[PDB]
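Structure first, then comments.
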Amino acid sequence: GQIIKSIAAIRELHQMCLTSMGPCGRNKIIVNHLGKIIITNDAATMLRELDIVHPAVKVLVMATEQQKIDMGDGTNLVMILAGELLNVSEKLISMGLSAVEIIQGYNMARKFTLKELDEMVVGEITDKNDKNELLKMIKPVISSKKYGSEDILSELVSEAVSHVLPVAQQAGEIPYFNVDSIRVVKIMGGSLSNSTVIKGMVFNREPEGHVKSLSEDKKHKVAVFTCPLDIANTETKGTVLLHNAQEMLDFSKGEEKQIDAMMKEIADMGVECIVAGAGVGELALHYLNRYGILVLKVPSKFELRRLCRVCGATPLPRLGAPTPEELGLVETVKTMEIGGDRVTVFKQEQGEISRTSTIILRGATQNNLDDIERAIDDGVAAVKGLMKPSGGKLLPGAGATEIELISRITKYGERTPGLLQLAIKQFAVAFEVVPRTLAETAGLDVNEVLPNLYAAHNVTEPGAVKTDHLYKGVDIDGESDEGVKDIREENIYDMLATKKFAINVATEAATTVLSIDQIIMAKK
Amino acid sequence: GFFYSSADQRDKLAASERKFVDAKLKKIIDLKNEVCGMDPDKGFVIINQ
Amino acid sequence: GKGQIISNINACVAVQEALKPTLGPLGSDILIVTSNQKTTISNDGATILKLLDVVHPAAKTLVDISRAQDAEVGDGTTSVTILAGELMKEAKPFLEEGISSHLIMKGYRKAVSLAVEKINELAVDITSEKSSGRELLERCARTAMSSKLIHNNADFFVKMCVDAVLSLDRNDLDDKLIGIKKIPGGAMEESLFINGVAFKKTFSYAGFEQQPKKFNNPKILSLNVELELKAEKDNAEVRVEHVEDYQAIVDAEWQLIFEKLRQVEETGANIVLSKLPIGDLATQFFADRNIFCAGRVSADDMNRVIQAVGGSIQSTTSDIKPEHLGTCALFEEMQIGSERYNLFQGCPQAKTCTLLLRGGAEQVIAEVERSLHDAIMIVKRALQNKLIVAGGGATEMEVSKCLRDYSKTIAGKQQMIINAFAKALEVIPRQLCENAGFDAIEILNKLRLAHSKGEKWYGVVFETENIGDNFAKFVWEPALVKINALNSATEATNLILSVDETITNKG
């Protein structure tokens, strides 16, 4: 029974994921090799820092990357579902049924399950990108990670998504909503109530120049210069050397006439802001402040990449060539005090829609503030599943989908003749781990909420369609209450891209484990 | 080395060396416009290694 | 499994047990030996937990939450950890019975939410009612100084303590802005207050009986380079065969030093401060012009001089600007303590001050300085926050009283959870009586008698063992401490009970 022992090793990891999924779940401490404490709900960090040897667990780790890269939600759905399929398969392995026909039973049940997922869709989003419409998608994503911030972070995240997402339809050629399109920053002090949403990237550097802010003119021209500010020299090498004190007067006076002549043509073209990616000389700050040009320095090359997607500016390797095609446009440039430090931000009003936004977070504890940043970053990739590839449809969540699939799959088990009926019936039983997981974490009795849940989905309707309840979920409450809530009350549902993609990954994950009857290794 | 008397001459020195490459570039863009340039469903791709 | 949660229970108690004797002004002090081979003994929970550097992750959470308590407030870092770890022991028997840890953590947030509402009801804003301006801060300082060796001399100490707070702007107050310099030897009642800043006066070099200590308005100038003849490390190598050139190179090396040395006289500053030792060469030339210079000054004292007279530090003696100079009203060098101490007086622009302390020994004064820090925080927060609550057992017993009645209307597991949280609040007054030598068994039962008579202000007397009201004892605490303590202790406890498994990677 070496194949059974491989399942027992996953059982230790299976109990680890039972405390992950759900808002009542538990957080794990991850101690990095550098002596840093890491505590997060998402289990992909745990599997990344822990190298796996045995293949059965390693396939589940590689299957986690399949869910994590393509979607920002459902990492715990694959680990829990694939782990239970091997636990319920121990009854068939014991009886003597070979693991070959066990795989064939899941393949027939997978096609029957994916066909029923299209009929589980109740509502559909119109892609209006309204402030209230984005709350329905983001609300279940914030859940199962951070508790108590679900209502607070709903309005903060939905505001930045609508700014970076244009309104268009019937166009699939140009991709939208890049991963880097949303940046999240944090600062100590204040609270979540004082947090605001910025329409552009926030710069933490101070305005060293004498010009604090620009004027009220519309569409301020901004220039991004990679070359440092100095006298014009050769692009290749061209290092200025000092020999005698007589040449010092020519070097100082030489830089005064050249810089003033190059910056005069820039100010005449309407460019009030110059972005210098390198160091700025002392003489450069003198001429730019008299012409009203705000000095902005960005030494980090990572921030200049996302800036090109906002105003459309391009970095110039040389200096002194104000190309109009490389110039950007910004509506308003001011300097605000964030967290006690005055910094120059980047934003705009009612023009030149930006593809990059930044959310400023404020919290009392820096440890819990970092976990909120990871929960929002994980919520960004969850929005990617709303695109053209079946992002409009939705399925009932909070354990409502796994219960309905039980009566659908078990109905076809006894109907389909042959030996495949044994694996089909056990395939629907493995879905019982999802409602039991939410019941154990919430402290509810497994002998009360779980058995009474099947009575709600089983009714007698004088018709050919079971109806009158689509709303029966699993109770997530921490206080004793009679019965369970409804899906329509809290609007907690699962996306089609999350549910449908997790099934194909979970079946292939458990198939590889059942396909291995032995291992072959060599000496290192 | 590149020695420029004026700021506008610096860009002319770099364009003078590229003009040798741009001389062969003009024959490439003129080949597409000479034969079926405005005809639809026709294009040209530079496979240059 | 459940074994990791139980292992985290003893880890929180071990950290809590060390902080129990440090709770309260009369509590015991803990001995901590850092790897730096420096002996550190303090009762402040912040410094205690920062020097331990516990590798245990859940015990580190109790250390991290103490830094958050020191940031926002700064007072109560010991009690916030004791209250946080107390829930670990109360929830220990509940885990074996099958009660989930999330249901226990859920009942705390409902009890704290109701407890914060009761804090605002117990906080009464009072300023000019039955109190004057001067007697308001004086009566608060005598409370923290009671039951101490300074209680007899506390009459003279309050006058110097109140004047130290009033010497700074009431809008922005900081405990680091008030300097304290320990002077070994002398009577305790003879201590005086200084408006300026003082230093240790480590200058060991001869040339005394010059540079008198009586000044009118001397100018202060910062010195950077070294004005003594012979340098510290480098030198000048000159090879000459002439006898007259041997004497010339001696004055040649001195001519380069006299260059920057003479430029100091062009500034016209009688006070010269430098972080480097000043040799006998500079003090000899400055003796005829009555110019004082002192070397080997700590960097922490140099920053207070800049904020005092509005000075600046320049590298050379050439480009020094005239507005960088500063002057005080009076300069006097006191020999108190068998050592001469320089001090500044009468600086209107000074953002800092210095309070000198005298006593019989350095170890005795160290207890007087730390006992004063507890009184300064009470005087400082009196003008800053007008909402105060009755401390010393008063508020602590009432928060646990109301939760017992509100739990009777709540059904389910949360009834015994709130009662356990209400029982967990009894550890704060317990350790206060145990660390004071009083019997914790009798006072706990006797205090609950009058506490049930309807009056919520009954506290615990810290002087003579008895039950009574702390309003007459002048025990005052701000409302921001009681509110943030319940939130920080619950937030730190919720993170510890939420850890099912501890994963540690070696590398």
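Protein chains in written order, with this note's numbering: chain S, 127 to 650; chain V, 232 to 280; chain R, 15 to 521.
Beta carbons: idealized from backbone N, C-alpha and C, even for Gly.
Residue i, DSSP secondary structure in three states
i                : result
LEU357 (chain R) : strand
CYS437 (chain S) : coil
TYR273 (chain S) : coil
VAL172 (chain R) : helix
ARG444 (chain R) : helix
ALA436 (chain R) : helix
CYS342 (chain R) : coil
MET147 (chain S) : coil
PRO336 (chain R) : helix
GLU250 (chain S) : strand
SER483 (chain S) : strand
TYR420 (chain R) : helix
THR491 (chain S) : coil
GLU347 (chain R) : strand
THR53 (chain R)  : strand
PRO71 (chain R)  : helix
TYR597 (chain S) : coil
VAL87 (chain R)  : coil
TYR219 (chain R) : coil
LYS132 (chain R) : helix
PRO107 (chain R) : helix
Burial state of residue i, where buried means 16 or more other Cβ atoms lie within 10 Å
i                : result
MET269 (chain V) : exposed
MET327 (chain S) : buried
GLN295 (chain S) : exposed
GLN363 (chain R) : exposed
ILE502 (chain S) : buried
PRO425 (chain S) : exposed
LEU45 (chain R)  : exposed
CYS399 (chain S) : buried
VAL600 (chain S) : buried
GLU528 (chain S) : buried
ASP265 (chain R) : exposed
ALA286 (chain S) : buried
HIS159 (chain S) : exposed
Integer-rounded CB distance, given that residue j should sit under 8 angstroms from residue i
i                : j                : result
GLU463 (chain S) : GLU475 (chain S) : With a Cβ gap of about 20 angstroms, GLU463 (chain S) and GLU475 (chain S) do not count as contacting.
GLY477 (chain S) : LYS345 (chain S) : 7 angstroms
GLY403 (chain S) : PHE351 (chain S) : 7 angstroms
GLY315 (chain S) : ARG488 (chain S) : 6 angstroms
Interface residues of chain R facing residue i [CB-CB closer than 7 angstroms]
i                : result
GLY569 (chain S) : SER114, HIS116 and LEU117
Proximal residues of chain S, C-beta to C-beta of residue i below 7 angstroms
i                     : result
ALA28 (chain R)       : Under the 7 angstroms cutoff, chain S gives no residues; its nearest Cβ is about 18 angstroms from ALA28 (chain R).
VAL319 (chain R)      : What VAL319 (chain R) touches in chain S: nothing, since even the nearest Cβ is about 26 angstroms away.
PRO107 (chain R)      : Result: empty, since nearest Cβ-Cβ is about 17 angstroms, beyond 7 angstroms.
residue 559 (chain R) : Any property of residue 559 (chain R) remains undetermined from this structure, which presents chain R solely from 15 to 521.
Residues that residue i contacts on chain V, provided the C-beta gap is smaller than 7 angstroms
i                : result
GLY446 (chain S) : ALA238
Chain V contact residues for residue i, given Cβ-Cβ distances below 9 angstroms
i                : result
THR360 (chain S) : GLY232, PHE233, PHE234, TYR235 and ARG241
Contact set between residue i and chain V, taken where Cβ atoms lie within less than 8 angstroms
i                : result
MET234 (chain S) : Under the 8 angstroms cutoff, chain V gives no residues; its nearest Cβ is about 47 angstroms from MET234 (chain S).
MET388 (chain S) : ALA238
Where residue i meets chain S, residues with beta-carbon distance less than 8 angstroms
i                : result
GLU86 (chain R)  : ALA490
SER218 (chain R) : Ordered by position in chain S, no residue passes the 8 angstroms Cβ test against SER218 (chain R), which lies about 43 angstroms from the chain.
Cross-chain neighbours of residue i in chain S, by beta carbon under 9 angstroms
i                : result
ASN519 (chain R) : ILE156, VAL157, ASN158, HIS159, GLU175 and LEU176
Partners in chain R for residue i, counting only beta-carbon separations shorter than 9 angstroms
i                : result
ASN320 (chain S) : The contacting residues do not exist; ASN320 (chain S) stays about 15 angstroms from chain R at best.
Inset, instruction - Pair every Cβ in the region 340-356 of chain R with every Cβ in the region 254-261 of chain R, then say whether three or more of these pairs are closer than 8 angstroms. - result: By the Cβ rule, the region 340-356 of chain R does not count as touching the region 254-261 of chain R, because fewer than three pairs are nearer than 8 angstroms.
Inset, instruction - Report yes or no: do three or more beta-carbon pairs, one from the region 478-490 of chain R and one from the region 406-421 of chain R, lie closer than 8 angstroms? - result: The way I'd put it, the region 478-490 of chain R does touch the region 406-421 of chain R; three or more beta-carbon pairs between them come closer than 8 angstroms.
Inset, instruction - Could you tell me whether the region 204-215 of chain R touches the region 237-256 of chain R, where touching means 3 or more Cβ pairs closer than 8 angstroms? - result: The region 204-215 of chain R vs the region 237-256 of chain R: no contact.
Inset, instruction - Evaluate contact between the region 183-198 of chain R and the region 351-370 of chain R, counting only Cβ atoms and requiring at least three cross-stretch pairs below 8 angstroms. - result: Counting C-beta pairs closer than 8 angstroms gives three or more between the region 183-198 of chain R and the region 351-370 of chain R, which meets the contact rule.
Inset, instruction - Say whether the region 492-505 of chain R touches the region 128-147 of chain S, bearing in mind that this needs 3 or more beta-carbon pairs closer than 8 angstroms, one atom from each stretch. - result: No, they do not touch.
Inset, instruction - Pair every Cβ in the region 329-346 of chain S with every Cβ in the region 463-473 of chain S, then say whether three or more of these pairs are closer than 8 angstroms. - result: Between the region 329-346 of chain S and the region 463-473 of chain S there are three or more inter-stretch CB-CB distances shorter than 8 angstroms, so the stretches are counted as touching.
Legend entry - Cβ pair count under 8 angstroms reaching 3, the region 101-111 of chain R against the region 434-444 of chain R: Contact annotation: the region 101-111 of chain R touches the region 434-444 of chain R, with at least three C-beta pairs closer than 8 angstroms.
Legend entry - Segment contact, 8 angstroms Cβ cut-off, at least three pairs: the region 148-158 of chain R with the region 119-137 of chain R: As far as the Cβ criterion goes, the region 148-158 of chain R does not touch the region 119-137 of chain R, which means the pair count is below three.
Inset, instruction - For the region 640-650 of chain S and the region 235-247 of chain V, state whether three or more C-beta atom pairs, one from each stretch, are separated by less than 8 angstroms. - result: No: the two stretches stay apart, fewer than three of their Cβ pairs being nearer than 8 angstroms.
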